[PDB]
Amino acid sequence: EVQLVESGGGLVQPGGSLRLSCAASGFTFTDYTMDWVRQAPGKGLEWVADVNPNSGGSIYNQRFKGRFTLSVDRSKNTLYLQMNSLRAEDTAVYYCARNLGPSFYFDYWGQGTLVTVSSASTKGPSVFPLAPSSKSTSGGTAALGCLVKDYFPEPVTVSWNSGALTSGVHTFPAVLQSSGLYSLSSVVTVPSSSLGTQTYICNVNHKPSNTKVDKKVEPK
């Protein structure tokens, strides 16, 4: 399997700098050309730069020349994107990609990582338990959950019981409040409001603030 795994995303202040990483595996690194491509929130795709892994020779789209630098580390099959003097319009999901020779279509892409360029500061979520209740639902099953309140920026990931609980879990997309912070919820469908010998812990990972919270959910 070809895998491109990017990391290094998060929040950066305007004028600030940020370095992304793309770890390549499953193919011969030096055989291909490595690319960056970006997507502004709700906009099209924009090719950013490419680098031949053999020479370190890079070519950049004209809006990023002198501002962005690509480098590779051949010995650990990894590609970098060093971004400098960032501004608000640089806020985007950044993908690494792969192409072959002179034709720059992209067969393999990384998962994408969000770079947010903003005046605001990072904020880990306040996580609250949503106690199990039969009367909470319209459809006659019981539910419990976690309210993930007041964090910045996106993304947050949620799992339950460190990934052991997947059935009946629904994690809702975040709302952006007027305060400028995000809130989301994750709900678990359960038999009743009595939990017996079941444990329910929601694991909330907020990579941008280096914060994880694992919240225990119990009856009122």
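Don't overthink the numbering: it's just position in the shown sequence, from 1.
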**Mean C-alpha B-factor comparison - 187-195 and 166-174, higher one** = 187-195
**Complete:** Mean Cα B-factor check, 54-62 vs 36-44, entry values; winner is 54-62
**Request:** Sort 87, 135, 98, 76 by C-alpha B-factor from the entry and give me just the highest.
**Result:** 76
**Options 179, 161, 69, 157 - largest CA temperature factor per the record** = 69
**Request:** Sort the modelled residues of this chain by their C-alpha B factor and say whether residue 144 lands in the lowest, middle or highest third.
**Result:** lowest
**Item:** Entry-reported Cα temperature factor of residue 103, expressed as the chain third it lands in
**Value:** highest
**Request:** Divide the modelled residues of the chain into thirds by Cα B-factor and specify which third, lowest, middle or highest, holds residue 1.
**Result:** highest
**Fill in**
residue 17: C-alpha B-factor third of its chain, per the entry, is the middle
**Request:** Determine, from the deposited record, the chain-internal third of the Cα B-factor for residue 81: lowest, middle or highest.
**Result:** highest
